[PDB]
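Proteins get letters first, then strands, A, B, ... in listed order; numbering begins at 1 in each. All ligand and atom numbering here is 1-based and tracks the order in the structure. Just the heavy atoms: all of them, side chains too, but no hydrogens, waters or symmetry mates, feed the values below.
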Protein chains: 6
Amino acid sequence: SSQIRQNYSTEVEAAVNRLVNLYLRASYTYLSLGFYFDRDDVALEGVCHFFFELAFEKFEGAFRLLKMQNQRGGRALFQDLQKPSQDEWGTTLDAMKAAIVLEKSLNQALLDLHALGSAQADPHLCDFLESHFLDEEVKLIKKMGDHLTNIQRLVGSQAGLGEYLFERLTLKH
Amino acid sequence: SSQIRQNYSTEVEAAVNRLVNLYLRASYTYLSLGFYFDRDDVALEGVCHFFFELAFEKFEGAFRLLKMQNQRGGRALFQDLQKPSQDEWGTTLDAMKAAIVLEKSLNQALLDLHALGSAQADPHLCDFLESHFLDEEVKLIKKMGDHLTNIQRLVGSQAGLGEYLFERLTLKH
Amino acid sequence: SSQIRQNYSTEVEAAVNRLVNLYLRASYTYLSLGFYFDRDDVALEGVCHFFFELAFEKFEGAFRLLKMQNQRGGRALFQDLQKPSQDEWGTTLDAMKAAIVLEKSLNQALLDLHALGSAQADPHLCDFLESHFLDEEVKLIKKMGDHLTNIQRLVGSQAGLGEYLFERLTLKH
Amino acid sequence: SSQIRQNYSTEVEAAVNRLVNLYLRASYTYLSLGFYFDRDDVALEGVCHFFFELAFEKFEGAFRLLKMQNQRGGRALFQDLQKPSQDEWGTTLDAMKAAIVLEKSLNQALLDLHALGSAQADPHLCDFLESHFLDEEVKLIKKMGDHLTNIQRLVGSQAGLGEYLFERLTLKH
Amino acid sequence: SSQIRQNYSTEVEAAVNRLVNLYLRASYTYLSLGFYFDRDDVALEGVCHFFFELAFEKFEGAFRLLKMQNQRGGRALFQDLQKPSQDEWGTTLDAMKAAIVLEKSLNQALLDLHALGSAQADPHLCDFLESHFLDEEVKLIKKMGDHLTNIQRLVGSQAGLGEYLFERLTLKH
Amino acid sequence: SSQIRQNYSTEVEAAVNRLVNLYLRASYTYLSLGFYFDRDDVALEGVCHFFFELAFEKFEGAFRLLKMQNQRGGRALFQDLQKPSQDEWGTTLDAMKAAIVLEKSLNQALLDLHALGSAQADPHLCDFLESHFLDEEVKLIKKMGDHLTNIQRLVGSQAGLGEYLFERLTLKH
Ligand SMILES: CCN(CC)c1ccc2nc3c4ccccc4c(=O)cc-3oc2c1
Ligand SMILES: CCN(CC)c1ccc2nc3c4ccccc4c(=O)cc-3oc2c1
Ligand SMILES: CCN(CC)c1ccc2nc3c4ccccc4c(=O)cc-3oc2c1
Ligand SMILES: [Cl-]
Ligand SMILES: [Cl-]
Ligand SMILES: [Cl-]
Ligand SMILES: [Cl-]
Ligand SMILES: [Cl-]
Ligand SMILES: [Cl-]
């Protein structure tokens, strides 16, 4: 087989392909989230833009993973992309809760892959994840947690008002 | 009669004149809406500016229609302009509801005229409507629907607060 | 009623609303004049542009009047807008004669309103009219009189030639 | 045959080739018109330039049609180009009358082709015509009608004077 | 249901959702094509970049469709995304053949949707497709056909040489 | 007849008209050549652009001839334009061979006309041809001969490869 492959296990190759699938699924989920908040009967522009930026971020993550797979001499293999878990995403709070669950699952998949790289003595893979993924994910989950807290603080007894204010004064538009 | 007229039915000519009347009536309605929200006892600058921009837009629509009537060799005929349906327009919500009703009526008149053009095999008219009117109208009705949803979300139990916040944080001033 | 209204009679309020109606009717008349001279079988661009500029001027006059009505704490009330007095406007001479008749009627309405303001000891209204309307109107009627004289001088025995030359060499295109 | 052709009827292909022939014939007619008005014994520069600009416009129309034929996977087929209908074109009025007749024939050919596209459910062809041809033609015929009216107004009893003035004060030089 | 929806059939809404699925599948196919040509054992940079640009184009198409669905008051519904039809894509010729098959299928889906819009008297949908999709697709299929012809001309008896030269001298890098 | 004509024979006048016909026929031939190489199943952009530039050059030649005819007081007379000699033009080699045959025929017509001018003692005509036509033609035929030699050198046993390389590395795109 490969004229470049070196120190790159079949286990890591497969796991990288699985992780691509997870990132692309996450991108799709965020595309659905974005268009839901674009509905005339939802109409929260800042929320919309927040989730579309994440759709792009997750697609970029997948792309970098696929680039690395080729740089290492593995073979990119694509699978079916499962549709997102919901067709409607409820409130901004419901959506941000679903997004943090999603991110925590991606982070766990990154950690799992890092551990596999470590067991396989694959330092390039370990560094790749550390340099492009693990801190980005920590930073994103922190920001989502910050948002959750602010959204929650605003529910009070006037939920609509709080939802509008969060979109207007925290999220970008 | 006309040295330029070609493929331009009397039915379309008349319907174009009727549509001009509808656009000018819509412009007038929006002028009334704008000055109501300019009242010292209403005083919602952003709402005022939103409806004045629409008064100008609807006048522009009428002007383009009249330009096209002449380009086709039809004869512009003006009728009495009915005053707007109300002298006072209630809340921002009441006003935005009235505006979307108005826009839906204009859109239906555009669709009706497009259908007439299609039946008469008048592709220039059909393209004119598609290129300058139908998508502008879809975009406007979408924006009004977005606004309605945000206004509605803000009523809650503190209607005045919500009305102020919508004007301050969504509409332009 | 009004928390701002001071020294502003019901008579002036009503007369201001009537004057708005007159200005908007004048704007409409000028819109009709403009599109007539835009006809392929009339085709006098300079005349067209002259009357469209007046349509805009008269609309601006109405707008300023409505702004002032609100600044004084009166209530803008709109009525039906009568269509213009003609559907076709004849020669440039016929049109300019009709325009000066129209302007003289507006000027008389301004003078009448000024007199009412004076009788009611309403100096703000009197100054408003003097500052934004009376001299603009004198200047416009003078310019129309100048035009009439030039158009008349050009009729001679070659009316078409004179009509073309006036449009080409006096009016803007 | 063609590796790209899709939804593109033989009838439309042939009609497009015929329309190319019509446009190129129109270009040739305008070339003849231009050089006639360039004669020392005619010498109307503005008229000359007006018809040369149209020769170029009609050639561009043909070129776009031929580009589209290839984009659709049809085969451009050229036929003999009939010489223009006259060798001398009379007055500016005679020439502008001949030009509007010509344009009306081109417009009818466009409408005929649009109808064929519609019957064949060929929306690309229908849009192509609407986007690049039908409104350009309406605008041109309107401008020619405007010119005819001005030329006619200037004949009066001093035809030479009127012909000179039209060329000098309306047409570009 | 919807406060904005007007003249927008359930049939069109569903078909738009189906078309989104087709565009996203096409984007995925092009992502796979791109990474295959990025393999160290394939290594055709220009081919890689050509297919990645198409992945982005097809994603943009899907996005515009979803935007329009919301502008019309339809509801975006996502389905599972089928993986691409192949894991390895053979030669540049094999790949470009597969890409033109794919594009022809998308074009047929656009035409089908346009026909449905026409039957339903939905001119906004018909114009949307004409303005953003049908000509882009014709232009792309023409370019692919051009490429196919050039690739085919280069096979001769030295296929590797021809594949290299096409990538180096036609495709962008 | 003519108030400007001087030293300008009927024989030269007629021959100039014939030469215009030849130039316009040549322009048409080059238009056909250009669109053939624009076909999806030919697809040689550089060849396409080479022949379109010549279509424009030959049209310019005709235009200059017609300008000169009027400057001399002759009368431009147009005839039917024969369609080009072929509907399909074969290889780049076949096309360039046909183009040099065409150019040699134009050059001979120029030389013939120069000789007629010389016999008629018409130095203005002789200079006009020398200054705007004879050297342009020599330069063009030299360039075509250069191209023929390069195309011929590239046929070898891999004709497609050679045809691609010539288009890519010699002709402009
Ligand atoms: C409202 C019924 N009527 C009287 C028939 C209106 C309404 C609105 C108008 N708005 C404009 C306008 C708006 C923006 C920029 C330029 C212009 C203009 O030149 C003339 C106008 O004339 C109007 C007449
Ligand atoms: C009149 C019948 N024939 C010969 C078939 C014409 C007529 C007009 C033409 N006008 C152009 C032209 C005009 C403006 C800018 C570029 C071009 C050009 O590149 C080629 C032309 O070729 C023409 C051929
Ligand atoms: C391939 C299947 N999936 C997951 C559903 C894709 C494919 C391609 C995509 N391309 C973009 C994209 C491309 C250019 C510029 C911006 C963006 C963007 O913001 C989001 C994207 O998201 C994508 C998802
Ligand atoms: Cl599968
Ligand atoms: Cl009446
Ligand atoms: Cl009433
Ligand atoms: Cl023949
Ligand atoms: Cl499912
Ligand atoms: Cl003949």
Side-chain angles (χ1 to χ4, degrees), chain A residues 25 28-29 32 79-81 83-87, chain B residues 17 20-36 49 51-67 76-81 83-85 102 106, chain C residues 19-35 38 48-67 76-81 83-85 102 106, chain D residues 17 21 77-81, chain E residues 17 21 77-81, chain F residues 25 28-29 32 79-81 83-87:
Chain A
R25 285 174 60 196
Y28 201 19
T29 288
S32 178
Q79 297 301 336
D80 294 342
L81 274 199
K83 63 186 196 181
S85 67
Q86 305 178 207
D87 301 319
Chain B
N17 285 328
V20 167
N21 191 263
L22 289 177
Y23 268 74
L24 292 174
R25 285 174 60 196
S27 184
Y28 201 19
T29 288
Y30 287 124
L31 185 70
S32 178
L33 275 156
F35 278 103
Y36 168 76
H49 290 178
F51 290 127
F52 286 150
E53 170 68 20
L54 291 172
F56 309 154
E57 300 178 6
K58 293 317 183 189
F59 173 81
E60 294 187 301
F63 194 97
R64 289 182 168 90
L65 284 159
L66 284 163
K67 282 296 274 178
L77 288 177
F78 296 96
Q79 297 301 336
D80 294 342
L81 274 199
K83 63 186 196 181
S85 67
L102 177 51
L106 291 182
Chain C
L19 191 59
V20 167
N21 191 263
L22 289 177
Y23 268 74
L24 292 174
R25 285 174 60 196
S27 184
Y28 201 19
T29 288
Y30 287 124
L31 185 70
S32 178
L33 275 156
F35 278 103
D38 180 65
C48 166
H49 290 178
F50 176 81
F51 290 127
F52 286 150
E53 170 68 20
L54 291 172
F56 309 154
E57 300 178 6
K58 293 317 183 189
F59 173 81
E60 294 187 301
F63 194 97
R64 289 182 168 90
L65 284 159
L66 284 163
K67 282 296 274 178
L77 288 177
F78 296 96
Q79 297 301 336
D80 294 342
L81 274 199
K83 63 186 196 181
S85 67
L102 177 51
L106 291 182
Chain D
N17 285 328
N21 191 263
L77 288 177
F78 296 96
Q79 297 301 336
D80 294 342
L81 274 199
Chain E
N17 285 328
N21 191 263
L77 288 177
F78 296 96
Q79 297 301 336
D80 294 342
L81 274 199
Chain F
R25 285 174 60 196
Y28 201 19
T29 288
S32 178
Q79 297 301 336
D80 294 342
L81 274 199
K83 63 186 196 181
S85 67
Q86 305 178 207
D87 301 319

>> Is atom 22 (O) of ligand 1 touching the protein, meaning some protein heavy atom lies under 4.0 Å away?
In response: yes
> For the side chain of B:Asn17 and the backbone of B:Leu77, is there at least one donor-acceptor N/O pair under 3.5 Å apart?
Replying inline: yes
> Is it true that D:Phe78 and F:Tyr28 have ring centroids separated by less than 6.0 Å?
Replying inline: yes
> ligand 1 versus C:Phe59, non-hydrogen atoms closer than 4.0 Å: side chain, backbone, both, neither?
Replying inline: side chain
>> Taking B:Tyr23's backbone N and O only, do any of them form a donor-acceptor pair with B:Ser27's side chain (distance below 3.5 Å, no angle check)?
In response: no
> Just going by heavy-atom distances, which of B:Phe56, C:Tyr28, C:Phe78, B:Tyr28 is nearest to atom 14 (C) of ligand 1?
Replying inline: B:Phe56
> Among protein heavy atoms, which sits nearest to atom 7 (C) of ligand 1, and what does the distance come to when rounded to 0.1 Å?
Replying inline: B:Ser27 OG, 3.4 Å
>> Given B:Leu81, B:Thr29, B:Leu31, identify the one with the heavy atom nearest to atom 2 (C) of ligand 1.
In response: B:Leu81
>> Looking at F:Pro84, is its backbone amide N or carbonyl O close enough to the side chain of F:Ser32 to form a donor-acceptor pair, meaning the two atoms are under 3.5 Å apart?
In response: no
>> Looking at E:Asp80 and A:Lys83, would you say the former's side chain and the latter's main chain have a donor-acceptor pair under 3.5 Å?
In response: yes
